[PDB]
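For reference, the structure discussed in these notes is given below.
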2 protein chains.
Amino acid sequence: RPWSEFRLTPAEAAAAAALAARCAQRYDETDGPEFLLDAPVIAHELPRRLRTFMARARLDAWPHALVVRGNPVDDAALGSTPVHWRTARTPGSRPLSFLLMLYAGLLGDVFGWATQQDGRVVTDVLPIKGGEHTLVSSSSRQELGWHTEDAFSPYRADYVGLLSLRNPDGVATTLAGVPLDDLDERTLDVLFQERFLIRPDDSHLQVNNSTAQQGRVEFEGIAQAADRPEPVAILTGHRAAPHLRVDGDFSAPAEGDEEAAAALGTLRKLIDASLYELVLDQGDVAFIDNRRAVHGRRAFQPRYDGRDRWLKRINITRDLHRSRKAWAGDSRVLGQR
Amino acid sequence: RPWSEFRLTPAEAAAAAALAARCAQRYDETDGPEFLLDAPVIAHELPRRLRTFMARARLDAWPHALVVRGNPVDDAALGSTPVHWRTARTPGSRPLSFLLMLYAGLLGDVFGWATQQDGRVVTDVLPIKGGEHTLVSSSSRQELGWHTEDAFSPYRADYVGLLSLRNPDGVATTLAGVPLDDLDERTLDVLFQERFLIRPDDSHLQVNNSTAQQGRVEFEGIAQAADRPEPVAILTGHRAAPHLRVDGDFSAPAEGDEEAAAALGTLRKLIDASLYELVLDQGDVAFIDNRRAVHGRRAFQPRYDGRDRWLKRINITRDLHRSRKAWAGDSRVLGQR
Ligand SMILES: NC(=[NH2+])NCCC[C@H](N)C(=O)O
Ligand SMILES: NC(=[NH2+])NCCC[C@H](N)C(=O)O
Ligand SMILES: [Fe+2]
Ligand SMILES: [Fe+2]
C-alpha cells in the first residue's frame, strides 16, 4: 500500500487504552496546558512495538500516511454522535481524545488554530445537518475535495491525525501523492515557482466558529490571506520527491499567469486520476503526511440518527517554533492580525 | 541565565550511563543504521525527570541552549585525548558517544555531513597540533569566531549537541542571541532581506577530510556554495524573536550592497558586545539552539600532553525530510553535487 500500516495486538491496544483512561482521570482536558506539555513524555509508556513503528515509519521516505489499526471503541460507552462539533466533547469520547493526543505526541508538537473550531487542539469531524454541501469537514453529501491541510498557511501541519470514533458505513478518506510519474519537466518547473495563490478554506471563516469567538483579531489575518494572497509555489524541495502545497477548491494561478494556470490544471487532472481510498474503520488512526499527500473524503449520505461517522482530528508540527510569528498569545493556538 | 539548565542527581546520572553502556555492548557503532533508528526509542528509558526537562525546555521560547550537568567521566577509563579526530573513536570514549546520541534522540533526528569528518554523525572537537590558528573547531590559540553551525546550508542543524569529555582548564564556549535590544528597525528590516552571502566554512574543505574521502561528489556542492553563494537573509521569522543565520568569518554583504554591509557591520559589533561564556566542564552536555544563538570557543593554549580539552559533537534536525534533496545516498549524511 502507499501508506505504512501497524495493527495493535489486543494486549497492546488494551494497554494504550488504559494509559489514555489514566490520563483522562488525572487531567482536566486534552487541550489544557498541563496535558499538552506532559503528553509527549507520557507517550513513552505506550507499547514498545508501537513506539518503534512510529519512530521508524516517520523516517521512511515513501509513505503518504502512518495508519494504526485495532483500538477498541465501545459504541454503547461512546454514546451518540454529536449534532455539532461545539458539543462534541462528550464523556464517552474523552478517553479516545486523550489516546489520539498520546499517539500524536510520538510524532511532534500538536497545535490548533484561533480561527477554527474555537481554537481547539483536538477537533471533530462529523456531519452537521444543513451543512451537507459545504466545503468544510462537516460536509457529507458533497465530497470533501482533496487538499493540503491549511494550505494557505506557512505554519500548516506536517501531519494530520485522524481517529475514527465510528464509521459504520465505511466512508473513505481520499489520498493522493505528487503525480511524479506523469508530470513533464516543464510543468514540474512551473509548479516549483512562486506563481500560485492559495487562500484560506472556509473552516477559518467567522460563520464556522461560535458567535462572540469571532470578533477576535486572528480573523483579520485570514481576511488578509483571502483578499491579498501572496504568490507561492505548489511544489518545494527535492525534484525527485517534492513536497506538495495545494487545495483543489482554494488554489488559483497568479493573476493573468496562463503557464501557471496550465500547470495547475494539469496537476488537478493528474491528482484526480491518482486519488485512492483509505477507509478508517472504528478505532483506526491515520497520521497523514501533509507534505507528501493531499487528502479528502468521499461523498456520503448522512444518517442524523445518532450513529453518524465521527472522527477526532489533530494538527501536528515537527517544530512549534517555526510558527512563533503566529503564536496568537499562547502558544498551541495559531493566528495573526 | 540565558540557557536552560538541568543537573542530574548521581542516581539519574548512573542510570543514564548504564543505559549508554548497555547500548555500547549491544550495537557495533553509534553511527550504524541500527542504532541511528533505535536510539530515539531507547532514549525513552532515560530518567523521567530528564525526559521531562528535555520535552519542556525545547518548547520554551527563550533559552539559547539546553544544558545537562553531572554525567560522570573517569579520566583513567577515558584514556588520553586523541591527536586527531580520525583516531578519536577510542574504547574509553565509546559509552559517552552513545550517551550523547541517546540525549540527542530526545530532541530530534541526528545527521552528519558527507564533507565533514568523513561523514561521521558523532564528531570530535579537540586541538590538532599544527592547526592552532585555523578557522575550524580543532583550533586553539586562535579563538573560534561566533557562528551559526553550517550557516551556508538550508539544511543546517536546529540543535548542536556538545558533550565535554574533558576540559581541565575550563575553556569557555561562547554564545550570543539576536541583539534585539539594540537593533534599530531600519537595520532590522535590512537583516530580514535576502542581501547577504554566507559561504561554507573550512571544515567542509577536502584538506580537512581524510585523503581519498575526498574525491567524493559532495565536495562539488561545497565548491558551488563558496564560488556562487545565493543571497539570503540573516534574520527570519518573527520580528520580535527572529531566527539567526550568520557566521562572523564566512558572511559578507551581497556584491556592492552598502546598506546590507552597514547592517552586517552593526550586527557584528552588537554580537561581539553581547557575547557571553558557558564553560562545559567534564561530563556537561549542551544542546545549543542553532536558530536563536550563534556560538564559538575562546582562544586557549593547547597542552598536547594527552589531557587536552575534548568534546563529542552531534548535529540535530527537527525534521530529516527537510533535507531530502541533500540525502547524499543515505540518509543521515548530507551533501549535494
Ligand atoms: N477543498 C477543501 N474543501 N478544502 C478545505 C478542507 C476542509 C477543511 N480543512 C476543514 O476542516 O473544514
Ligand atoms: N567562524 C568560523 N570559524 N566558522 C566555522 C566554525 C567551525 C566549524 N563549524 C567546524 O566545526 O570546524
Ligand atoms: Fe483535511
Ligand atoms: Fe560550532
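Residue names in the C-alpha cells use chain letters A, B, ... in the order shown, residue numbers from 1 in each chain, and ligand numbers from 1 in the order shown.
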Open item on the list: Distance cut-off 7 Å, counting only C-alpha atoms - which residues of chain B neighbour chain A? Return them as number ranges by chain.
Closed with: B: 37, 41, 44, 51-52, 56, 237-238, 318-319, 324-325
Store the residues picked out above, limited to N, CA and C atoms, as a PDB file, in the first residue's frame.
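Result written to part-v9.pdb:
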ATOM      1  N   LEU B  37      18.443   4.345  14.043  1.00  0.00           N
ATOM      2  CA  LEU B  37      16.997   4.105  14.105  1.00  0.00           C
ATOM      3  C   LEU B  37      16.479   3.832  15.518  1.00  0.00           C
ATOM      4  N   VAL B  41      14.020   5.647  20.511  1.00  0.00           N
ATOM      5  CA  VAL B  41      13.132   4.794  21.304  1.00  0.00           C
ATOM      6  C   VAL B  41      13.814   4.298  22.583  1.00  0.00           C
ATOM      7  N   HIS B  44      13.757   6.648  25.532  1.00  0.00           N
ATOM      8  CA  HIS B  44      12.562   6.657  26.377  1.00  0.00           C
ATOM      9  C   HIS B  44      12.791   6.000  27.739  1.00  0.00           C
ATOM     10  N   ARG B  51      13.813  13.392  30.903  1.00  0.00           N
ATOM     11  CA  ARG B  51      12.942  13.388  29.723  1.00  0.00           C
ATOM     12  C   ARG B  51      11.946  14.541  29.771  1.00  0.00           C
ATOM     13  N   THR B  52      11.406  14.793  30.959  1.00  0.00           N
ATOM     14  CA  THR B  52      10.507  15.917  31.187  1.00  0.00           C
ATOM     15  C   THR B  52      11.191  17.251  30.906  1.00  0.00           C
ATOM     16  N   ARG B  56      10.121  19.799  27.768  1.00  0.00           N
ATOM     17  CA  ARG B  56       9.624  21.130  28.090  1.00  0.00           C
ATOM     18  C   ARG B  56      10.584  22.232  27.689  1.00  0.00           C
ATOM     19  N   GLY B 237      11.626  34.873  10.251  1.00  0.00           N
ATOM     20  CA  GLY B 237      10.518  34.597  11.150  1.00  0.00           C
ATOM     21  C   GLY B 237       9.983  35.829  11.847  1.00  0.00           C
ATOM     22  N   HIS B 238       9.760  35.713  13.152  1.00  0.00           N
ATOM     23  CA  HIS B 238       9.083  36.744  13.929  1.00  0.00           C
ATOM     24  C   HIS B 238      10.025  37.902  14.232  1.00  0.00           C
ATOM     25  N   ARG B 318      15.060  18.946  13.583  1.00  0.00           N
ATOM     26  CA  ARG B 318      13.704  18.590  13.980  1.00  0.00           C
ATOM     27  C   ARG B 318      12.987  17.789  12.894  1.00  0.00           C
ATOM     28  N   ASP B 319      13.500  17.813  11.666  1.00  0.00           N
ATOM     29  CA  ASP B 319      12.866  17.084  10.573  1.00  0.00           C
ATOM     30  C   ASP B 319      13.852  16.741   9.461  1.00  0.00           C
ATOM     31  N   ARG B 324      15.890  16.337   2.263  1.00  0.00           N
ATOM     32  CA  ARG B 324      15.914  15.159   1.384  1.00  0.00           C
ATOM     33  C   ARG B 324      16.645  15.380   0.051  1.00  0.00           C
ATOM     34  N   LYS B 325      16.666  16.621  -0.432  1.00  0.00           N
ATOM     35  CA  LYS B 325      17.459  16.985  -1.613  1.00  0.00           C
ATOM     36  C   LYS B 325      18.942  16.679  -1.388  1.00  0.00           C
TER      37      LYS B 325
END
- [ ] Show which residues sit within 6 Å of residue A:245, as a ChimeraX atom specification. Count only C-alpha atoms, and ignore same-chain residues fewer than 6 positions away.
- [x] /A:148,151,234
Task: Who sits within 9 Å of stretch 197-214 of chain B, only C-alpha atoms, same chain under 3 positions skipped, as a ChimeraX atom specification - done: /B:86,113-118,134-137,150-153,194,217-219,222-223,225-233,245-247,249-255
- [ ] List the neighbours of residue B:123 out to 10 Å using only C-alpha atoms; skip same-chain residues closer than 4 positions along the sequence, and give me the result as a VMD selection string.
- [x] chain B and resid 85 to 86 88 to 89 97 112 116 to 119 162 311 to 315
Could you write out that same residue set with C-alpha atoms as a tab-separated table (two decimals), in the first residue's frame?
chain	number	residue	atom	x	y	z
B	85	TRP	CA	39.56	13.28	15.13
B	86	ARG	CA	40.36	10.40	12.73
B	88	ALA	CA	39.18	9.64	18.22
B	89	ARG	CA	36.72	6.73	18.42
B	97	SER	CA	29.34	8.82	22.39
B	112	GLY	CA	26.19	14.38	9.62
B	116	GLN	CA	32.91	17.00	7.35
B	117	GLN	CA	34.97	14.49	9.39
B	118	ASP	CA	34.45	11.74	6.80
B	119	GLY	CA	30.64	11.79	7.06
B	162	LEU	CA	28.27	19.19	22.66
B	311	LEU	CA	34.18	17.25	23.07
B	312	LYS	CA	31.91	14.90	21.19
B	313	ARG	CA	29.54	16.77	18.89
B	314	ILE	CA	26.34	15.94	17.02
B	315	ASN	CA	24.05	17.79	14.59
TODO: Within stretch 116-287 of chain B, find each residue whose DSSP state, derived from the backbone, is strand (DSSP E or B), and express the selection as a PyMOL selection string.
DONE: chain B and resi 122-125+144-147+159-166+172-177+196-198+232+235-238+241-244+247+251-253+276-279+285-287
Could you write those residues out with C-alpha atoms, as a compact mmCIF listing (two decimals), in the first residue's frame?
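And here is the file that came out, result.txt:
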# COMPACT_ATOMS: atom_id res chain seq x y z
CA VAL B 122 29.16 11.82 16.12
CA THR B 123 32.12 14.15 15.53
CA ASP B 124 35.07 15.30 17.68
CA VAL B 125 36.23 18.70 18.87
CA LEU B 144 36.85 30.14 17.19
CA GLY B 145 34.71 33.07 15.99
CA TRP B 146 30.97 33.04 16.65
CA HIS B 147 28.78 31.31 14.08
CA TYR B 159 20.38 21.99 17.62
CA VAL B 160 24.07 21.34 18.11
CA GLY B 161 24.92 18.86 20.87
CA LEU B 162 28.27 19.19 22.66
CA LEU B 163 29.39 16.68 25.31
CA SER B 164 32.52 17.60 27.23
CA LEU B 165 34.70 14.51 27.71
CA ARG B 166 37.33 16.66 29.40
CA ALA B 172 34.63 28.57 27.57
CA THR B 173 32.19 28.04 24.75
CA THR B 174 30.87 31.42 23.60
CA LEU B 175 27.21 32.24 22.89
CA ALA B 176 25.12 35.18 21.70
CA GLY B 177 21.48 35.69 20.78
CA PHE B 196 23.81 38.58 2.37
CA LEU B 197 26.28 35.91 1.26
CA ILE B 198 27.15 33.01 3.57
CA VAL B 232 19.99 35.04 1.76
CA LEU B 235 17.14 37.12 10.17
CA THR B 236 13.92 35.17 9.57
CA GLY B 237 10.52 34.60 11.15
CA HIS B 238 9.08 36.74 13.93
CA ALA B 241 12.03 36.88 18.22
CA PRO B 242 13.92 36.30 14.95
CA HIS B 243 15.90 33.25 13.93
CA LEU B 244 19.53 33.92 13.14
CA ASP B 247 28.97 33.42 10.53
CA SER B 251 29.42 36.06 5.93
CA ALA B 252 29.50 39.02 3.56
CA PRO B 253 27.07 41.52 2.08
CA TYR B 276 28.94 35.51 26.83
CA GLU B 277 30.63 32.40 28.19
CA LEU B 278 29.42 28.89 29.01
CA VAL B 279 32.06 26.54 30.44
CA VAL B 285 26.29 18.39 27.69
CA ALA B 286 24.91 21.41 25.85
CA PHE B 287 22.33 21.50 23.11
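Closest approach to residue B:91 among B:334, B:263, B:270, B:78 is made by B:78 (distances from only C-alpha atoms).
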Open item on the list: Give me, as an MDAnalysis selection string, the residues of stretch 164-289 of chain A that a backbone DSSP run labels alpha helix (DSSP H).
Closed with: chainID A and resid 185:191 218:227 258:274
- [ ] Quote the spacing between atom CA of residue B:5 and atom CA of residue B:65 in Å to one decimal place.
- [x] 8.3 Å
- [ ] In Å, rounded to a single decimal, give me how far atom 9 (N, counted along the ligand's line) of ligand 2 is from atom CA of residue B:90.
- [x]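 Between atom CA of residue B:90 and atom 9 (N, counted along the ligand's line) of ligand 2 the gap is 22.4 Å.
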Within 10 Å of residue A:183 using only C-alpha atoms, minus same-chain residues under 5 positions, as a tab-separated table (two decimals) with N, CA and C atoms, in the first residue's frame:
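Below you can see around-v2.tsv, which holds the result:
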chain	number	residue	atom	x	y	z
A	178	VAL	N	2.20	13.29	-4.98
A	178	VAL	CA	2.61	14.05	-6.16
A	178	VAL	C	2.63	13.08	-7.34
A	188	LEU	N	6.58	20.58	-14.18
A	188	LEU	CA	7.21	20.45	-12.87
A	188	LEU	C	7.96	21.74	-12.50
A	189	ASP	N	8.79	22.24	-13.42
A	189	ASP	CA	9.49	23.53	-13.24
A	189	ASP	C	8.54	24.64	-12.82
A	191	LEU	N	5.51	24.42	-11.48
A	191	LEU	CA	4.92	24.15	-10.16
A	191	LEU	C	5.88	24.46	-9.00
A	263	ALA	N	-0.23	24.56	-15.68
A	263	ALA	CA	0.42	23.61	-14.77
A	263	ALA	C	-0.53	23.15	-13.67
A	266	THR	N	-3.25	20.86	-15.20
A	266	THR	CA	-2.64	19.55	-15.40
A	266	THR	C	-2.54	18.80	-14.08
A	267	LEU	N	-2.07	19.47	-13.04
A	267	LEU	CA	-1.94	18.86	-11.73
A	267	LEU	C	-3.29	18.36	-11.20
A	270	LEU	N	-4.17	15.16	-12.93
A	270	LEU	CA	-3.34	14.03	-12.51
A	270	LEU	C	-3.65	13.58	-11.08
Open item on the list: Between atom CA of residue B:35 and atom CA of residue B:95, what is the distance in Å, rounded to a tenth?
Closed with: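 Interatomic distance, atom CA of residue B:35 to atom CA of residue B:95: 13.0 Å.
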Task: All residues 12 Å or closer to residue B:9, only C-alpha atoms, same chain fewer than 3 positions away omitted, as a VMD selection string - done: chain B and resid 6 12 to 16 47 to 50 68 to 72
Task: Contacts of residue A:308 within 9 Å, only C-alpha atoms, excl. fewer than 4 positions in-chain, as a list in words - done: residues 80, 81, 82, 126, 127, 166, 167, 168, 169, 302, 303 and 304 of chain A
